[PDB]
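**Q**
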Amino acid sequence: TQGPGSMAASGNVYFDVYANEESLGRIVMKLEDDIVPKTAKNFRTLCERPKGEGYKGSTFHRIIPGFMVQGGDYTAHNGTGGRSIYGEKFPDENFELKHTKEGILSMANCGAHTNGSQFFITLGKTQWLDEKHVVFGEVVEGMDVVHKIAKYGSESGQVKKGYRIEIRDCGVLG
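Those letters in the sequence shown? Residues -5 to 2, 5 to 170, by the deposited numbering.
Here's what the structure looks like:
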């Protein structure tokens, strides 16, 4: 029996990731709204907003094989920018979730209580980040697309010359 099914997964968000004009595929993330509601809200909202006001059309600007891939700087594209939906830096909501495995979605920051819009996805267990970065979700489809992203990085985090690794579209399923 053939045909598409309706949506099970509501609230899950996705990134369609591109290396220049080549599709790398889709990453789908589950957010832990019950555990970190404001952190989850910030990220989901930034997925739904238009280009220039959220993640749509932004890049993975720091890509470190064996460690993590980082994006969310949709204003400066270099790690110095980004803005949360609250208008500025927001507190670490809690550290209940831990960096236990590959595919963990966590907030980038520049110290205690400095959450904006930058995030990373881990390429392994990174226990040294526990209690320093707020974990708010995980990759549930397209972990292999995260490993593809890593092919375009380096020890230093610099992205391969000639490449922009872009979140070409993003949103909420539903």
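The C-beta atom is built at its ideal place from N, Cα and C for all residues, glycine as well.
Under a three-way DSSP split, which group does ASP140 fall into?
**A** Note: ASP140 maps to helix in three-state DSSP.
**Q** Mark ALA2 as exposed unless 16 or more other C-beta atoms lie within 10 angstroms of its C-beta, in which case mark it buried.
**A** exposed
**Q** Just checking, does the stretch 128 to 147 make contact with the stretch 46 to 54 on the three C-beta pairs under 8 Å criterion?
**A** no
**Q** What number of angstroms, rounded off, separates the C-alpha of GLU92 from the C-alpha of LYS128?
**A** 11 Å
**Q** Find the nearest neighbour of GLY107 within the set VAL155, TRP124, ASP88, judged by alpha-carbon distance.
**A** Nearest option by C-alpha distance: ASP88.
**Q** Any contact between the stretch 149 to 165 and the stretch 100 to 119? By contact I mean 3 or more CB pairs, one from each, below 8 Å.
**A** no
**Q** Check whether the Cβ atoms of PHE56 and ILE145 sit closer than 8 Å, and answer yes or no.
**A** yes
**Q** Expressed to the nearest angstrom, what Euclidean distance is found between the alpha-carbon atoms of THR96 and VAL32?
**A** 17 Å
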